[PDB]
Every structure is written in C-alpha cells, then in structure tokens.
file coords21.tsv (TSV, C-alpha atoms)
chain	number	residue	atom	x	y	z
U	1046	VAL	CA	-10.21	-4.04	69.57
U	1047	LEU	CA	-8.22	-7.17	68.78
U	1048	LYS	CA	-6.62	-6.05	65.53
U	1049	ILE	CA	-6.97	-3.75	62.54
U	1050	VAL	CA	-6.01	-4.16	58.88
U	1051	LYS	CA	-5.64	-1.12	56.63
U	1052	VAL	CA	-5.58	-1.40	52.84
U	1053	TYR	CA	-4.70	1.42	50.43
U	1054	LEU	CA	-6.22	1.55	46.95
U	1055	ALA	CA	-4.73	3.76	44.23
U	1056	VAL	CA	-6.83	4.83	41.23
U	1057	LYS	CA	-5.77	6.70	38.08
U	1058	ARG	CA	-8.42	9.27	37.11
U	1059	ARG	CA	-8.17	10.77	33.63
U	1060	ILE	CA	-9.73	14.09	32.67
U	1061	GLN	CA	-13.18	13.78	31.13
U	1062	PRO	CA	-16.12	16.03	30.19
U	1063	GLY	CA	-17.69	17.75	33.19
U	1064	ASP	CA	-14.56	18.39	35.25
U	1065	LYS	CA	-13.75	21.94	36.30
U	1066	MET	CA	-10.69	23.74	34.96
U	1067	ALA	CA	-9.51	27.27	35.66
U	1068	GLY	CA	-6.86	29.88	35.02
U	1069	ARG	CA	-4.93	32.04	37.44
U	1070	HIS	CA	-6.94	35.22	36.72
U	1071	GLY	CA	-10.38	34.07	37.84
U	1072	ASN	CA	-11.51	32.57	34.53
U	1073	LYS	CA	-13.32	29.26	35.04
U	1074	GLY	CA	-14.96	26.57	32.99
U	1075	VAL	CA	-16.29	23.06	32.55
U	1076	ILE	CA	-14.62	20.93	29.89
U	1077	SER	CA	-17.45	20.52	27.43
U	1078	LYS	CA	-16.23	18.37	24.54
U	1079	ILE	CA	-13.19	16.43	23.38
U	1080	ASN	CA	-12.61	17.18	19.76
U	1081	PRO	CA	-10.68	15.08	17.24
U	1082	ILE	CA	-7.25	16.40	16.35
U	1083	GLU	CA	-8.32	17.23	12.81
U	1084	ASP	CA	-11.22	19.48	13.79
U	1085	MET	CA	-9.11	21.79	15.95
U	1086	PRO	CA	-7.86	25.04	14.39
U	1087	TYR	CA	-4.32	25.02	13.03
U	1088	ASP	CA	-1.96	27.74	11.85
U	1089	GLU	CA	-0.34	27.67	8.41
U	1090	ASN	CA	2.58	25.74	9.89
U	1091	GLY	CA	0.16	22.98	10.93
U	1092	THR	CA	0.40	23.17	14.73
U	1093	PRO	CA	-3.08	22.84	16.26
U	1094	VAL	CA	-4.25	24.85	19.23
J	7	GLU	CA	-12.09	17.06	-21.31
J	8	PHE	CA	-10.45	17.34	-17.88
J	9	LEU	CA	-7.10	17.34	-16.12
J	10	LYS	CA	-5.97	14.96	-13.37
J	11	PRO	CA	-3.21	15.14	-10.75
J	12	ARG	CA	0.01	13.17	-11.05
J	13	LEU	CA	2.32	12.47	-8.12
J	14	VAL	CA	5.60	14.28	-8.70
J	15	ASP	CA	8.94	14.62	-6.87
J	16	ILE	CA	8.91	13.67	-3.18
J	17	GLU	CA	11.72	15.50	-1.39
J	18	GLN	CA	13.02	14.00	1.86
J	19	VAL	CA	14.70	16.63	4.03
J	20	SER	CA	15.09	14.43	7.12
J	21	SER	CA	14.18	10.89	8.14
J	22	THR	CA	10.99	12.21	9.76
J	23	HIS	CA	10.19	15.33	7.70
J	24	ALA	CA	8.99	15.02	4.11
J	25	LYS	CA	7.62	17.12	1.25
J	26	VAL	CA	5.32	15.62	-1.40
J	27	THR	CA	4.19	17.53	-4.48
J	28	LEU	CA	1.18	17.15	-6.80
J	29	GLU	CA	1.53	19.32	-9.89
J	30	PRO	CA	-1.49	19.24	-12.26
J	31	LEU	CA	-4.43	20.15	-10.04
J	32	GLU	CA	-7.51	21.74	-11.59
J	33	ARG	CA	-8.66	25.11	-10.27
J	34	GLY	CA	-10.65	24.77	-7.06
J	35	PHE	CA	-9.68	21.21	-6.14
J	36	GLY	CA	-6.48	22.34	-4.41
J	37	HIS	CA	-8.03	23.16	-1.05
J	38	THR	CA	-10.50	20.28	-1.26
J	39	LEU	CA	-7.81	17.66	-1.73
J	40	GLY	CA	-5.42	19.35	0.70
J	41	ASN	CA	-7.96	19.27	3.50
J	42	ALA	CA	-9.30	15.80	2.71
J	43	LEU	CA	-5.80	14.30	2.81
J	44	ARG	CA	-4.88	16.20	5.97
J	45	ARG	CA	-7.98	14.78	7.66
J	46	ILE	CA	-7.44	11.20	6.49
J	47	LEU	CA	-3.76	11.23	7.43
J	48	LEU	CA	-4.32	12.66	10.91
J	49	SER	CA	-7.26	10.37	11.63
J	50	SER	CA	-6.82	6.95	10.07
J	51	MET	CA	-3.18	5.93	9.59
J	52	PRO	CA	-2.64	2.40	10.99
J	53	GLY	CA	0.40	1.87	13.18
J	54	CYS	CA	1.89	-0.45	15.76
J	55	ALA	CA	2.58	0.31	19.40
J	56	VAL	CA	3.27	-1.39	22.72
J	57	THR	CA	0.12	-2.54	24.51
J	58	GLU	CA	1.33	-4.00	27.82
J	59	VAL	CA	4.53	-4.66	29.74
J	60	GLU	CA	5.75	-7.17	32.33
J	61	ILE	CA	8.80	-6.36	34.45
J	62	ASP	CA	10.12	-8.96	36.87
J	63	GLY	CA	10.57	-7.50	40.34
J	64	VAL	CA	7.53	-5.22	40.28
J	65	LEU	CA	4.01	-6.04	41.42
J	66	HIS	CA	2.24	-2.86	40.29
J	67	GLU	CA	2.85	0.42	38.47
J	68	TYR	CA	3.59	2.31	41.68
J	69	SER	CA	6.43	0.35	43.30
J	70	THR	CA	10.12	1.06	42.70
J	71	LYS	CA	13.23	-0.93	41.82
J	72	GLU	CA	16.55	-0.81	43.60
J	73	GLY	CA	19.30	0.90	41.63
J	74	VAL	CA	17.07	2.93	39.31
J	75	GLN	CA	16.09	6.56	39.80
J	76	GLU	CA	13.05	6.87	37.53
J	77	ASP	CA	9.72	5.63	38.82
J	78	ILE	CA	8.00	2.76	37.01
J	79	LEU	CA	5.37	5.16	35.64
J	80	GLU	CA	8.12	7.12	33.93
J	81	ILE	CA	9.32	3.82	32.42
J	82	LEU	CA	5.88	3.38	30.87
J	83	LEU	CA	6.00	6.98	29.65
J	84	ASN	CA	9.31	6.19	27.95
J	85	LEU	CA	7.89	3.05	26.36
J	86	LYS	CA	4.91	4.94	24.91
J	87	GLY	CA	7.24	6.81	22.55
J	88	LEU	CA	8.95	3.78	20.99
J	89	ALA	CA	8.51	3.92	17.21
J	90	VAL	CA	8.54	0.42	15.71
J	91	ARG	CA	7.74	-1.18	12.35
J	92	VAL	CA	6.24	-4.68	12.33
J	93	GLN	CA	6.04	-6.44	8.96
J	94	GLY	CA	4.48	-9.90	9.18
J	95	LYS	CA	2.99	-10.78	12.55
J	96	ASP	CA	0.31	-8.94	14.52
J	97	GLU	CA	1.68	-9.44	18.05
J	98	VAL	CA	5.41	-9.50	18.77
J	99	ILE	CA	7.20	-10.07	22.09
J	100	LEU	CA	10.43	-8.07	22.46
J	101	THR	CA	12.85	-8.92	25.28
J	102	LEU	CA	15.06	-6.40	27.08
J	103	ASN	CA	17.83	-7.65	29.40
J	104	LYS	CA	20.54	-5.30	30.65
J	105	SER	CA	22.91	-5.19	33.63
J	106	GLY	CA	25.53	-2.82	35.01
J	107	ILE	CA	25.77	0.97	35.13
J	108	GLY	CA	24.67	2.86	32.05
J	109	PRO	CA	21.68	4.23	30.17
J	110	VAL	CA	19.44	1.43	28.92
J	111	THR	CA	18.45	2.70	25.48
J	112	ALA	CA	16.17	1.10	22.92
J	113	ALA	CA	19.17	-0.26	21.01
J	114	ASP	CA	19.80	-2.99	23.58
J	115	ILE	CA	16.61	-4.80	22.51
J	116	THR	CA	17.25	-8.27	21.12
J	117	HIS	CA	17.37	-7.82	17.35
J	118	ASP	CA	14.54	-9.72	15.67
J	119	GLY	CA	14.02	-10.03	11.93
J	120	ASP	CA	10.47	-8.81	11.41
J	121	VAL	CA	10.65	-5.84	13.80
J	122	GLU	CA	12.45	-2.58	12.98
J	123	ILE	CA	13.43	-0.24	15.83
J	124	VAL	CA	13.34	3.13	14.11
J	125	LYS	CA	15.20	5.20	16.72
J	126	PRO	CA	17.78	3.04	18.55
J	127	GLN	CA	19.09	6.05	20.50
J	128	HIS	CA	15.77	6.46	22.33
J	129	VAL	CA	16.52	6.21	26.04
J	130	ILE	CA	14.53	3.91	28.34
J	131	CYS	CA	16.23	3.91	31.74
J	132	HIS	CA	19.40	4.65	33.67
J	133	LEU	CA	20.99	2.01	35.87
J	134	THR	CA	23.20	3.07	38.76
J	135	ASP	CA	24.64	-0.19	40.15
J	136	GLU	CA	27.05	-2.78	38.76
J	137	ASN	CA	24.88	-5.73	39.82
J	138	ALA	CA	21.52	-4.07	39.10
J	139	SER	CA	19.73	-5.92	36.30
J	140	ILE	CA	16.48	-5.25	34.45
J	141	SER	CA	14.58	-7.79	32.34
J	142	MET	CA	11.26	-7.14	30.63
J	143	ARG	CA	9.05	-8.46	27.82
J	144	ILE	CA	7.16	-5.87	25.77
J	145	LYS	CA	4.17	-6.96	23.65
J	146	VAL	CA	3.58	-4.85	20.52
J	147	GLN	CA	0.35	-4.85	18.47
J	148	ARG	CA	-0.95	-3.23	15.28
J	149	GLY	CA	-4.02	-1.00	15.38
J	150	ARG	CA	-5.73	2.23	14.37
J	151	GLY	CA	-6.69	5.30	16.37
J	152	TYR	CA	-6.37	5.72	20.13
J	153	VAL	CA	-7.43	3.07	22.64
J	154	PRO	CA	-6.82	3.52	26.38
J	155	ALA	CA	-6.40	0.67	28.84
J	156	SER	CA	-9.53	1.54	30.81
J	157	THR	CA	-11.90	1.08	27.88
J	158	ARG	CA	-10.36	-2.28	26.92
J	159	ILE	CA	-10.78	-3.35	30.57
J	160	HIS	CA	-14.39	-4.31	29.77
J	161	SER	CA	-12.93	-6.87	27.31
J	162	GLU	CA	-10.18	-7.98	29.74
J	163	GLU	CA	-9.94	-11.48	28.17
J	164	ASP	CA	-7.95	-13.04	31.02
J	165	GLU	CA	-5.87	-10.10	32.25
J	166	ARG	CA	-5.28	-12.48	35.21
J	167	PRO	CA	-1.47	-12.07	35.54
J	168	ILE	CA	-1.04	-9.35	38.15
J	169	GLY	CA	2.40	-8.68	36.70
J	170	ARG	CA	0.74	-7.24	33.59
J	171	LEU	CA	0.97	-3.46	33.18
J	172	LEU	CA	-1.44	-2.02	30.63
J	173	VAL	CA	-0.41	1.05	28.62
J	174	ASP	CA	-2.66	3.34	26.60
J	175	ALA	CA	-2.25	2.71	22.86
J	176	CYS	CA	-1.75	5.67	20.52
J	177	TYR	CA	-2.11	3.75	17.24
J	178	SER	CA	-1.21	6.71	15.04
J	179	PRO	CA	2.15	7.56	13.43
J	180	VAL	CA	1.55	11.05	11.99
J	181	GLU	CA	2.46	14.02	14.19
J	182	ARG	CA	1.89	17.00	11.89
J	183	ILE	CA	0.48	17.92	8.46
J	184	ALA	CA	0.52	21.18	6.51
J	185	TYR	CA	-0.30	21.96	2.90
J	186	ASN	CA	0.12	24.87	0.51
J	187	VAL	CA	-1.67	25.31	-2.82
J	188	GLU	CA	0.38	27.65	-5.03
J	189	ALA	CA	0.18	28.78	-8.65
J	190	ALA	CA	1.53	26.04	-10.96
J	191	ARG	CA	2.40	27.74	-14.25
J	192	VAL	CA	1.88	24.90	-16.75
J	193	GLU	CA	3.25	25.62	-20.20
J	194	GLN	CA	-0.23	25.49	-21.83
J	195	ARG	CA	-2.51	27.00	-19.15
J	196	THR	CA	-3.02	30.36	-17.43
J	197	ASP	CA	-4.18	29.67	-13.85
J	198	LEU	CA	-3.18	26.26	-12.49
J	199	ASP	CA	-2.12	25.23	-9.00
J	200	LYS	CA	0.22	22.69	-7.41
J	201	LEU	CA	-0.43	21.18	-3.98
J	202	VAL	CA	2.53	20.75	-1.60
J	203	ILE	CA	1.99	18.45	1.42
J	204	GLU	CA	4.61	18.87	4.16
J	205	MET	CA	4.43	16.06	6.72
J	206	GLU	CA	6.14	15.28	10.02
J	207	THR	CA	5.94	11.71	11.32
J	208	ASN	CA	7.60	9.55	13.95
J	209	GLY	CA	9.54	7.84	11.16
J	210	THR	CA	7.56	4.63	10.69
J	211	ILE	CA	5.20	5.15	7.74
J	212	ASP	CA	6.89	6.17	4.52
J	213	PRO	CA	5.34	9.17	2.72
J	214	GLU	CA	4.46	7.33	-0.49
J	215	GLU	CA	2.66	4.56	1.39
J	216	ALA	CA	0.81	7.03	3.60
J	217	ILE	CA	-0.48	9.02	0.63
J	218	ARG	CA	-1.37	5.86	-1.29
J	219	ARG	CA	-3.30	4.35	1.62
J	220	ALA	CA	-5.15	7.60	2.30
J	221	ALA	CA	-6.16	7.91	-1.34
J	222	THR	CA	-7.23	4.26	-1.24
J	223	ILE	CA	-9.52	4.78	1.75
J	224	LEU	CA	-11.07	7.95	0.36
J	225	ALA	CA	-11.61	6.41	-3.07
J	226	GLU	CA	-13.23	3.34	-1.52
J	227	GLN	CA	-15.67	5.40	0.53
J	228	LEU	CA	-16.44	7.61	-2.47
J	229	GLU	CA	-17.14	4.45	-4.49
J	230	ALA	CA	-19.59	3.44	-1.78
J	231	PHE	CA	-21.23	6.84	-2.27
J	232	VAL	CA	-21.36	6.78	-6.10
J	233	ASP	CA	-24.35	4.44	-6.35
J	234	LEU	CA	-27.69	5.67	-5.02
J	235	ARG	CA	-30.56	3.21	-5.07
J	236	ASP	CA	-33.65	5.49	-5.08
J	237	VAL	CA	-35.55	2.19	-5.42
W	485	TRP	CA	9.22	-24.39	38.34
W	486	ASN	CA	11.22	-21.97	36.15
W	487	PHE	CA	13.37	-24.29	34.02
W	488	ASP	CA	11.35	-27.52	33.87
W	489	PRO	CA	10.11	-27.60	30.25
W	490	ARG	CA	6.95	-29.52	31.21
W	491	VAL	CA	5.60	-26.41	32.94
W	492	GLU	CA	6.16	-24.25	29.85
W	493	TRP	CA	4.49	-26.88	27.69
W	494	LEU	CA	1.49	-27.03	30.03
W	495	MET	CA	1.08	-23.25	30.13
W	496	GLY	CA	1.50	-22.92	26.37
W	497	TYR	CA	-1.08	-25.62	25.69
W	498	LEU	CA	-3.59	-24.10	28.12
W	499	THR	CA	-3.12	-20.55	26.82
W	500	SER	CA	-3.52	-21.93	23.29
W	501	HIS	CA	-6.66	-23.92	24.21
W	502	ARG	CA	-8.28	-21.43	26.57
W	503	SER	CA	-11.77	-22.65	25.59
W	504	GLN	CA	-11.11	-26.20	26.83
W	505	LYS	CA	-11.44	-27.65	30.32
W	506	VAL	CA	-8.31	-29.69	31.04
W	507	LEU	CA	-7.85	-32.35	33.72
W	508	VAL	CA	-4.20	-32.42	34.89
W	509	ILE	CA	-3.04	-35.31	37.09
W	510	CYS	CA	0.02	-35.28	39.34
W	511	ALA	CA	1.21	-37.62	42.06
W	512	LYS	CA	1.28	-35.55	45.27
W	513	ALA	CA	-0.58	-32.52	46.60
W	514	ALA	CA	2.62	-30.55	47.28
W	515	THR	CA	3.46	-30.54	43.57
W	516	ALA	CA	-0.14	-29.53	42.89
W	517	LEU	CA	0.14	-26.49	45.16
W	518	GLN	CA	3.40	-25.52	43.49
W	519	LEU	CA	1.69	-25.86	40.11
W	520	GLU	CA	-1.25	-23.68	41.16
W	521	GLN	CA	1.16	-21.05	42.49
W	522	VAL	CA	3.19	-20.95	39.30
W	523	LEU	CA	0.20	-20.94	36.93
W	524	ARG	CA	-1.30	-18.12	38.98
W	525	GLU	CA	1.74	-15.93	39.52
W	526	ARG	CA	2.95	-16.20	35.91
W	527	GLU	CA	-0.18	-16.83	33.82
W	528	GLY	CA	-3.17	-16.28	36.13
W	529	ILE	CA	-4.70	-19.69	35.46
W	530	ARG	CA	-7.65	-20.59	37.69
W	531	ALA	CA	-7.03	-24.06	39.14
W	532	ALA	CA	-8.71	-25.85	42.05
W	533	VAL	CA	-6.76	-28.43	44.07

call {"tool": "encode", "arguments": {"input": "coords21.tsv", "output": "structure tokens"}}
result
Amino acid sequence: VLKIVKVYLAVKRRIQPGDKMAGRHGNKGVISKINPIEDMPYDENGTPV
Amino acid sequence: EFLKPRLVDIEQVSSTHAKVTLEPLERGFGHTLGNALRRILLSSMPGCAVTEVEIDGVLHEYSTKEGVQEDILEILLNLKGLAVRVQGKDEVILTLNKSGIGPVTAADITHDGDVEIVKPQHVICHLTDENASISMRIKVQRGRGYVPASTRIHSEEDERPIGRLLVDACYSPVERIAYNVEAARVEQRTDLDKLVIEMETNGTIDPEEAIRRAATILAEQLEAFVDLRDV
Amino acid sequence: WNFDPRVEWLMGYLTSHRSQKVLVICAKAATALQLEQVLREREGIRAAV
C-alpha cells in the first residue's frame, strides 16, 4: 500500500415519522404523525402537551 | 336585529404578555371566535428571523474558535432566539464585531434604522481573551410558518460560499394563547358573554396588529366562501 | 484582495446579474488565479481560467 486518505463526513439527522422511540419502563412506539401546534390538546392555561 | 362585537380595553401587563377583551358577543359565538382566533394566531402570524450566518474563522458548523467556550452549534442555537422587527426591507444584513473579555450580547449589534432589536440583553457568546475577536454578518428575512434548512436545500440558489451556515427558520412570533368566555352582564340583556384573549409573544408583534391581521385573514377566506356558483 | 474596491464592485455586479455570462479580462494569469480564489472563497463564483 503506497498511501491512504481518510475522510470523515458528518450528517445532521432530524427526527421524522417512522423512527422508534421508547420509555424507561418497556413502553415502545413508532412516531406516527407530526401534528400542527394548534391541533394538540391544551390546558386552560394554554400550554399544549 | 343582531349584536356585534366591539374591541374594548387592551391591558398590557408586561412587554410580552397581553390581555385583549371583546365585550358584546352574542350567545354561542364565544367559543367559536375564541378557537378560530387561537388557531389563526398560532398558525399564520408572519414574522422575521435569521436565515443564515457567516463567521470569519470557521469553515463549518462543527469547528471551534480559540478563546470561546461555547461550540459553534450553540452559537446558532443562541441566534435562533433573536427577536427582531424589520419595517421596510425584506432582507437585512446585521454586523456584529466585538473584542476583549466579556459577554457578547445582542446589544452590541450595529444600530440600524429599520431594524429593532427587541431584547438587547439577550446573550450571544462569552469571550475569554483580551485579543480574541469575533466578527459575523447575520442575514434576516421575513416569512411565515416553519421552514428548515434541509427542505430549502432543494432550492439552494447558489449556496456556493462554504462559509455559509444555514439555520432553520421559525417564522412565527406567538408562543402561547389562551381564552376565556365569561358572562358579560350588559345593562339591557340577561345572558351575554365577553371573550378575553390572553396572549404571550416574543415581543415583536403588537396585540392590536395581531388581532387585526388574524381577523383580516379569516374574513378574506370567509368572503371567498360566501359565493357558491352552483352553475 | 480584501480592500481593493474593484473586487467588491465585480462581486456586487455579478451577484446582481447572476443570469448573465460575463467575460472578465485581466493582464496576467497570477492575478486571475487570485481572482478565482477570492470569488470562490467569499462568494462561490464558478470561474474557469
């Protein structure tokens, strides 16, 4: 081998529908839909879940 | 023979937090209007935000400068929160130049006429060396909704300068909206209600203008609905 | 290539007339390479020598 050139690529992956998410207690799930802010439930104070 | 709602006192508790009241609402339209406005406000308010940044000594988002402790990515995260009001132009170029030890806050930006920096205390960086100097040019656009870099990458339109650092655009000023419809005892009526809209924003859009624009958009779309051809 | 106002004028004109092919003449090749380097590393302009 005369010589070698290594190149590192870095890629920013954002969460999207189909990825797997879980809790600490064994509950699992696939992220199914991204809802608009307005559709999400909100308490009287206005903070959405 | 109907009633119709008139905009009444608009209390301002803080610079960001505001209460707007609408007194003469007919029975049943309270919740309808409350929800419609909440939706329009949260969804469609146009605002301006930084779209991309160029810093001098940095090739890409992941490198690091001498004499700073935050990573470049955290610098972008700080820039995302800058609340700014642009009046005339669509694209403005702000310039930040600071040297010496100290926290580089938003106040140090070169003061231009048409641009208003709402929160000058907002921190950007911390220098740690007398001779350490940062210069950057931040390009701010007007827009609606939420557009990430990666979608706009299809429409690059000569993104050629490798020094360019794209930031996701959250083109939306409103953080929170709540409303309460409560009995509005009007001197000649039994059962009338008043709608109270409590709103929390980043301090760019004024309440009156927000409500006016929302009503404008809803009225325009309803106008579009009024006619039905049936032809 | 940082303070000479001709360079800023050239860049500004090109970036303002992006839909136009422009023939730019200089005396010597060395200056041409410096011009390519500066147009690339500060505006990403594609230029063949």

call {"tool": "atom_distance", "arguments": {"input": "coords21.tsv", "atom1": "atom CA of residue U:1063", "atom2": "atom CA of residue U:1075"}}
result
5.5 Å

call {"tool": "closest_atom_pairs", "arguments": {"input": "coords21.tsv", "of": "chain J", "to": "chain U", "cutoff": "7 Å", "atoms": "only C-alpha atoms", "output": "CSV"}}
result
residue,atom,partner,partner_atom,distance
J:45,CA,U:1083,CA,5.7
J:48,CA,U:1083,CA,6.4
J:182,CA,U:1091,CA,6.3
J:183,CA,U:1091,CA,5.6
J:184,CA,U:1091,CA,4.8

call {"tool": "closest_atom_pairs", "arguments": {"input": "coords21.tsv", "of": "chain J", "to": "chain W", "cutoff": "9 Å", "atoms": "all atoms listed in the file", "output": "CSV"}}
result
residue,atom,partner,partner_atom,distance
J:164,CA,W:528,CA,7.7
J:165,CA,W:528,CA,7.8
J:166,CA,W:528,CA,4.4
J:167,CA,W:528,CA,4.6
J:168,CA,W:525,CA,7.3
J:169,CA,W:526,CA,7.6

call {"tool": "residues_around", "arguments": {"input": "coords21.tsv", "residues": "stretch 71-78 of chain J", "least_positions_apart": "3", "cutoff": "8 Å", "atoms": "all atoms listed in the file", "output": "ChimeraX atom specification"}}
result
/J:63-64,67-68,81-82,131-135,138

call {"tool": "closest_residue", "arguments": {"input": "coords21.tsv", "among": "U:1049, U:1060, U:1094, U:1054", "to": "residue U:1076", "atoms": "all atoms listed in the file"}}
result
U:1060

call {"tool": "closest_residue", "arguments": {"input": "coords21.tsv", "among": "J:153, J:187, J:237, J:47", "to": "residue J:174", "atoms": "only C-alpha atoms"}}
result
J:153

call {"tool": "residues_around", "arguments": {"input": "coords21.tsv", "residues": "stretch 145-148 of chain J", "least_positions_apart": "3", "cutoff": "10 Å", "atoms": "all atoms listed in the file", "output": "list in words"}}
result
residues 52, 53, 54, 55, 56, 57, 58, 59, 60, 90, 91, 92, 93, 95, 96, 97, 98, 99, 100, 101, 121, 142, 175, 177 and 178 of chain J

call {"tool": "closest_residue", "arguments": {"input": "coords21.tsv", "among": "J:201, J:107, J:43, J:61", "to": "residue J:11", "atoms": "only C-alpha atoms"}}
result
J:201

call {"tool": "atom_distance", "arguments": {"input": "coords21.tsv", "atom1": "atom CA of residue W:510", "atom2": "atom CA of residue W:488"}}
result
14.8 Å

call {"tool": "atom_distance", "arguments": {"input": "coords21.tsv", "atom1": "atom CA of residue J:113", "atom2": "atom CA of residue J:69"}}
result
25.7 Å

call {"tool": "residues_around", "arguments": {"input": "coords21.tsv", "residues": "residue J:23", "least_positions_apart": "2", "cutoff": "12 Å", "atoms": "all atoms listed in the file", "output": "PDB file with C-alpha atoms, keeping the file's coordinate frame"}}
result
ATOM      1  CA  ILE J  16       8.910  13.670  -3.180  1.00  0.00           C
ATOM      2  CA  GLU J  17      11.720  15.500  -1.390  1.00  0.00           C
ATOM      3  CA  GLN J  18      13.020  14.000   1.860  1.00  0.00           C
ATOM      4  CA  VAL J  19      14.700  16.630   4.030  1.00  0.00           C
ATOM      5  CA  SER J  20      15.090  14.430   7.120  1.00  0.00           C
ATOM      6  CA  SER J  21      14.180  10.890   8.140  1.00  0.00           C
ATOM      7  CA  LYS J  25       7.620  17.120   1.250  1.00  0.00           C
ATOM      8  CA  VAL J  26       5.320  15.620  -1.400  1.00  0.00           C
ATOM      9  CA  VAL J 180       1.550  11.050  11.990  1.00  0.00           C
ATOM     10  CA  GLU J 181       2.460  14.020  14.190  1.00  0.00           C
ATOM     11  CA  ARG J 182       1.890  17.000  11.890  1.00  0.00           C
ATOM     12  CA  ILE J 183       0.480  17.920   8.460  1.00  0.00           C
ATOM     13  CA  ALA J 184       0.520  21.180   6.510  1.00  0.00           C
ATOM     14  CA  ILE J 203       1.990  18.450   1.420  1.00  0.00           C
ATOM     15  CA  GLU J 204       4.610  18.870   4.160  1.00  0.00           C
ATOM     16  CA  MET J 205       4.430  16.060   6.720  1.00  0.00           C
ATOM     17  CA  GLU J 206       6.140  15.280  10.020  1.00  0.00           C
ATOM     18  CA  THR J 207       5.940  11.710  11.320  1.00  0.00           C
ATOM     19  CA  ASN J 208       7.600   9.550  13.950  1.00  0.00           C
ATOM     20  CA  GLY J 209       9.540   7.840  11.160  1.00  0.00           C
ATOM     21  CA  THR J 210       7.560   4.630  10.690  1.00  0.00           C
ATOM     22  CA  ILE J 211       5.200   5.150   7.740  1.00  0.00           C
ATOM     23  CA  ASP J 212       6.890   6.170   4.520  1.00  0.00           C
ATOM     24  CA  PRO J 213       5.340   9.170   2.720  1.00  0.00           C
TER      25      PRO J 213
END

call {"tool": "axis_aligned_box", "arguments": {"input": "coords21.tsv", "around": "stretch 204-219 of chain J", "padding_each_side": "8 Å", "output": "AutoDock Vina command-line options"}}
result
--center_x 3.1 --center_y 11.6 --center_z 6.3 --size_x 28.8 --size_y 30.5 --size_z 31.2

call {"tool": "residues_around", "arguments": {"input": "coords21.tsv", "residues": "residue J:221", "least_positions_apart": "6", "cutoff": "12 Å", "atoms": "all atoms listed in the file", "output": "PyMOL selection string"}}
result
chain J and resi 13+39-40+42-47+50-51+214-215+227-229
